[PDB]
Amino acid sequence: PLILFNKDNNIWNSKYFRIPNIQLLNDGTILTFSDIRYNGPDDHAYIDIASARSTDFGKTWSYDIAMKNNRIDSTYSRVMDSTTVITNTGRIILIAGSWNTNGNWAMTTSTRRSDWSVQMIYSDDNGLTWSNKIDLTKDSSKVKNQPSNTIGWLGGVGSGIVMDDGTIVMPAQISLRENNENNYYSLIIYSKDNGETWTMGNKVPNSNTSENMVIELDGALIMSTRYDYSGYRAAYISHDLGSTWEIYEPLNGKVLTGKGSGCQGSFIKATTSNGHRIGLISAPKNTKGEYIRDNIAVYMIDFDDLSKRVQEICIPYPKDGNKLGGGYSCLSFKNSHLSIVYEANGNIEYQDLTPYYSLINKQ
């Protein structure tokens, strides 16, 4: 597989890369992102977000820093954990978490984390240039319905979606002060004005849920989320754009994730030529357990043939993850093409999976 971001040969002399992201553009351009983890694998470190862009279907790549941290702390300033979407205008939005101090974003403080913010950039030239950073949390003018007991929140790490009428929906994760503890939950945020302003949904039914993505299905939102220490990815459905949730049985509990903590993965919808809507999920099998996160696999469900069990399509990364930080992945599906980016021993690798989609599509 192509090494897209190479810890042993990159223009930033970065020691590590983590948290990859991919969008297949309507015109065939491939846009990807990654944390530039300059000094090593740690989350609590100095990080910027790179882009890598290809106009020859992944043969060659042009690299850039898509978003810089706040440059306040040479050890801890970081923007990281990209969540992206392409809107119906073709605008590309990236939302990242921003901090500049040591300590887990959700658990370190009992009040709103003072160095925390959510930063947005967008591109109206298909990822060639980016806006200035837009701070979504410094005031109350950009995001509605943020809870007063928020410790912090960020995107779900992956891709958002667009509803039938153009509404943008982004997966998110939040930490909330509740009865003298901090509990973290998945949720969504949505924008009806091309990302200028947002409204936050309500938390899903279970805590210990974090990184996630949602698909749209007949107006409903279906979320596949990391559910820590359950052994599986939870799934929930919302019929009111994320105000209420219930368990979605056909996917809940069906993708197992091994012993220990959960892991980020991706979840997207494709419509095959027979009209069926299928869900594709990427995540480590983690048969070896905890943070080994071996065998990043791709799974399929057919929402129009739900008695057929979830199927393992392929394993793009049939290797142990690096315990320092590995296992994350991102699928993108567009115009009958399917691509993946994933963590691979401190690098990011890229693969075109379109031949597997052809097998599924049965033309």
# chains A, B, ... in the order shown; residues from 1 in each chain; ligands from 1
call {"tool": "residues_around", "arguments": {"residues": "region 262-271 of chain A", "least_positions_apart": "3", "cutoff": "6 Å", "atoms": "only C-alpha atoms", "output": "PyMOL selection string"}}
result
chain A and resi 211+213+215+226-228+275-283+328-330
call {"tool": "select_by_dssp", "arguments": {"residues": "region 83-139 of chain A", "states": "strand (DSSP E or B)", "output": "PyMOL selection string"}}
result
chain A and resi 83-86+92-99+117-123+134-135
call {"tool": "write_last_selection", "arguments": {"atoms": "C-alpha atoms", "output": "tab-separated table (two decimals), in the first residue's frame"}}
result
chain	number	residue	atom	x	y	z
A	83	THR	CA	-13.69	15.68	11.23
A	84	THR	CA	-14.49	16.70	7.64
A	85	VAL	CA	-17.39	16.99	5.19
A	86	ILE	CA	-18.06	18.14	1.63
A	92	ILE	CA	-14.93	21.33	2.25
A	93	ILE	CA	-15.19	21.86	6.03
A	94	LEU	CA	-12.68	20.62	8.63
A	95	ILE	CA	-13.38	20.85	12.35
A	96	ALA	CA	-10.63	20.11	14.87
A	97	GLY	CA	-10.13	20.14	18.63
A	98	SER	CA	-7.66	22.72	19.96
A	99	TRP	CA	-5.78	22.74	23.29
A	117	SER	CA	-11.77	25.32	21.65
A	118	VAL	CA	-13.23	23.90	18.47
A	119	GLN	CA	-11.65	25.34	15.32
A	120	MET	CA	-13.18	25.33	11.81
A	121	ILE	CA	-11.65	25.97	8.39
A	122	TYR	CA	-13.28	25.65	4.98
A	123	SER	CA	-12.18	25.54	1.36
A	134	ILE	CA	-13.00	30.12	12.83
A	135	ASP	CA	-13.41	29.60	16.58
call {"tool": "closest_residue", "arguments": {"among": "A:25, A:340, A:45, A:11", "to": "residue 126 (chain A)", "atoms": "only C-alpha atoms"}}
result
A:25
call {"tool": "residues_around", "arguments": {"residues": "residue 193 (chain A)", "least_positions_apart": "5", "cutoff": "10 Å", "atoms": "only C-alpha atoms", "output": "ChimeraX atom specification"}}
result
/A:166-168,198
call {"tool": "write_last_selection", "arguments": {"atoms": "C-alpha atoms", "output": "JSON list (two decimals), in the first residue's frame"}}
result
[["chain", "number", "residue", "atom", "x", "y", "z"],
["A", 166, "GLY", "CA", -28.71, 20.05, 2.21],
["A", 167, "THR", "CA", -28.49, 20.13, 6.00],
["A", 168, "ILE", "CA", -24.94, 19.26, 7.11],
["A", 198, "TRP", "CA", -24.39, 25.04, 14.11]]
call {"tool": "residues_around", "arguments": {"residues": "residue 22 (chain A)", "least_positions_apart": "6", "cutoff": "9 Å", "atoms": "only C-alpha atoms", "output": "list in words"}}
result
residues 30, 31, 32, 33, 84, 158, 159, 330, 331, 332, 339, 340 and 341 of chain A
call {"tool": "residues_around", "arguments": {"residues": "residue 231 (chain A)", "least_positions_apart": "6", "cutoff": "6 Å", "atoms": "only C-alpha atoms", "output": "ChimeraX atom specification"}}
result
/A:256-259
call {"tool": "residues_around", "arguments": {"residues": "residue 338 (chain A)", "least_positions_apart": "4", "cutoff": "6 Å", "atoms": "only C-alpha atoms", "output": "list in words"}}
result
residues 332, 333, 353 and 354 of chain A
call {"tool": "closest_residue", "arguments": {"among": "A:260, A:321, A:316, A:156", "to": "residue 356 (chain A)", "atoms": "only C-alpha atoms"}}
result
A:316
call {"tool": "closest_atom_pairs", "arguments": {"of": "region 179-208 of chain A", "to": "region 144-153 of chain A", "cutoff": "12 Å", "atoms": "only C-alpha atoms", "output": "JSON lines"}}
result
{"residue": "A:179", "atom": "CA", "partner": "A:149", "partner_atom": "CA", "distance": 10.6}
{"residue": "A:180", "atom": "CA", "partner": "A:149", "partner_atom": "CA", "distance": 11.1}
{"residue": "A:181", "atom": "CA", "partner": "A:151", "partner_atom": "CA", "distance": 10.8}
{"residue": "A:182", "atom": "CA", "partner": "A:151", "partner_atom": "CA", "distance": 7.8}
{"residue": "A:183", "atom": "CA", "partner": "A:151", "partner_atom": "CA", "distance": 9.4}
{"residue": "A:184", "atom": "CA", "partner": "A:153", "partner_atom": "CA", "distance": 9.0}
{"residue": "A:185", "atom": "CA", "partner": "A:153", "partner_atom": "CA", "distance": 9.4}
{"residue": "A:186", "atom": "CA", "partner": "A:153", "partner_atom": "CA", "distance": 9.4}
{"residue": "A:187", "atom": "CA", "partner": "A:153", "partner_atom": "CA", "distance": 9.8}
{"residue": "A:188", "atom": "CA", "partner": "A:153", "partner_atom": "CA", "distance": 10.7}
{"residue": "A:189", "atom": "CA", "partner": "A:144", "partner_atom": "CA", "distance": 9.2}
{"residue": "A:190", "atom": "CA", "partner": "A:144", "partner_atom": "CA", "distance": 9.8}
{"residue": "A:191", "atom": "CA", "partner": "A:144", "partner_atom": "CA", "distance": 10.2}
{"residue": "A:196", "atom": "CA", "partner": "A:144", "partner_atom": "CA", "distance": 11.8}
{"residue": "A:197", "atom": "CA", "partner": "A:144", "partner_atom": "CA", "distance": 8.0}
{"residue": "A:198", "atom": "CA", "partner": "A:144", "partner_atom": "CA", "distance": 6.2}
{"residue": "A:199", "atom": "CA", "partner": "A:144", "partner_atom": "CA", "distance": 4.5}
{"residue": "A:200", "atom": "CA", "partner": "A:145", "partner_atom": "CA", "distance": 5.4}
{"residue": "A:201", "atom": "CA", "partner": "A:145", "partner_atom": "CA", "distance": 7.4}
{"residue": "A:202", "atom": "CA", "partner": "A:145", "partner_atom": "CA", "distance": 8.7}
{"residue": "A:203", "atom": "CA", "partner": "A:147", "partner_atom": "CA", "distance": 10.1}
call {"tool": "residues_around", "arguments": {"residues": "residue 2 (chain A)", "least_positions_apart": "2", "cutoff": "12 Å", "atoms": "only C-alpha atoms", "output": "PyMOL selection string"}}
result
chain A and resi 4-6+57-61+316+340-344+347-352
call {"tool": "write_last_selection", "arguments": {"atoms": "N, CA and C atoms", "output": "short mmCIF file (atom, residue, chain, number, x, y, z; two decimals), in the first residue's frame"}}
result
data_model
loop_
_atom_site.label_atom_id
_atom_site.label_comp_id
_atom_site.auth_asym_id
_atom_site.auth_seq_id
_atom_site.Cartn_x
_atom_site.Cartn_y
_atom_site.Cartn_z
N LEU A 4 1.26 7.20 2.67
CA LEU A 4 0.80 8.56 2.38
C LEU A 4 1.52 9.59 3.25
N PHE A 5 1.63 9.31 4.54
CA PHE A 5 2.41 10.13 5.46
C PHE A 5 3.45 9.22 6.09
N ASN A 6 4.73 9.58 5.91
CA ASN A 6 5.85 8.69 6.21
C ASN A 6 6.71 9.29 7.33
N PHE A 57 -5.46 10.18 -8.93
CA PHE A 57 -6.10 9.04 -8.28
C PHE A 57 -5.15 8.31 -7.32
N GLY A 58 -4.31 9.07 -6.62
CA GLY A 58 -3.50 8.52 -5.54
C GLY A 58 -2.08 8.14 -5.91
N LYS A 59 -1.65 8.39 -7.16
CA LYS A 59 -0.28 8.08 -7.56
C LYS A 59 0.71 9.03 -6.90
N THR A 60 0.45 10.33 -6.98
CA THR A 60 1.31 11.35 -6.39
C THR A 60 0.46 12.31 -5.56
N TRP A 61 1.13 13.02 -4.67
CA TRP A 61 0.44 13.79 -3.65
C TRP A 61 1.15 15.12 -3.41
N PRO A 316 -7.90 -4.49 5.14
CA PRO A 316 -6.86 -3.71 4.45
C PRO A 316 -5.54 -3.67 5.20
N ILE A 340 -9.66 4.04 1.37
CA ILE A 340 -9.42 4.00 2.82
C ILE A 340 -8.07 4.63 3.13
N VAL A 341 -7.99 5.35 4.27
CA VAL A 341 -6.71 5.71 4.87
C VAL A 341 -6.68 5.12 6.28
N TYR A 342 -5.49 4.75 6.77
CA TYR A 342 -5.46 4.13 8.08
C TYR A 342 -4.06 4.26 8.68
N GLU A 343 -4.01 4.11 9.99
CA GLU A 343 -2.77 4.15 10.74
C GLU A 343 -2.02 2.84 10.57
N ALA A 344 -0.71 2.94 10.38
CA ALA A 344 0.14 1.77 10.09
C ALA A 344 1.53 2.05 10.65
N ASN A 347 2.89 5.53 10.50
CA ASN A 347 2.62 6.15 9.22
C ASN A 347 1.11 6.18 8.99
N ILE A 348 0.71 6.86 7.93
CA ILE A 348 -0.63 6.72 7.35
C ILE A 348 -0.46 6.04 6.01
N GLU A 349 -1.23 4.98 5.76
CA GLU A 349 -1.26 4.34 4.45
C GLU A 349 -2.60 4.60 3.78
N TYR A 350 -2.58 4.47 2.44
CA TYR A 350 -3.72 4.71 1.55
C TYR A 350 -3.97 3.48 0.69
N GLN A 351 -5.24 3.14 0.49
CA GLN A 351 -5.57 2.09 -0.47
C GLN A 351 -6.84 2.44 -1.21
N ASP A 352 -6.86 2.13 -2.51
CA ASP A 352 -8.09 2.13 -3.28
C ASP A 352 -8.79 0.78 -3.09
#
call {"tool": "atom_distance", "arguments": {"atom1": "CA of residue 114 (chain A)", "atom2": "CA of residue 34 (chain A)"}}
result
25.0 Å
call {"tool": "closest_residue", "arguments": {"among": "A:254, A:319, A:362, A:18", "to": "residue 274 (chain A)", "atoms": "only C-alpha atoms"}}
result
A:362
call {"tool": "atom_distance", "arguments": {"atom1": "CA of residue 311 (chain A)", "atom2": "CA of residue 250 (chain A)"}}
result
12.7 Å
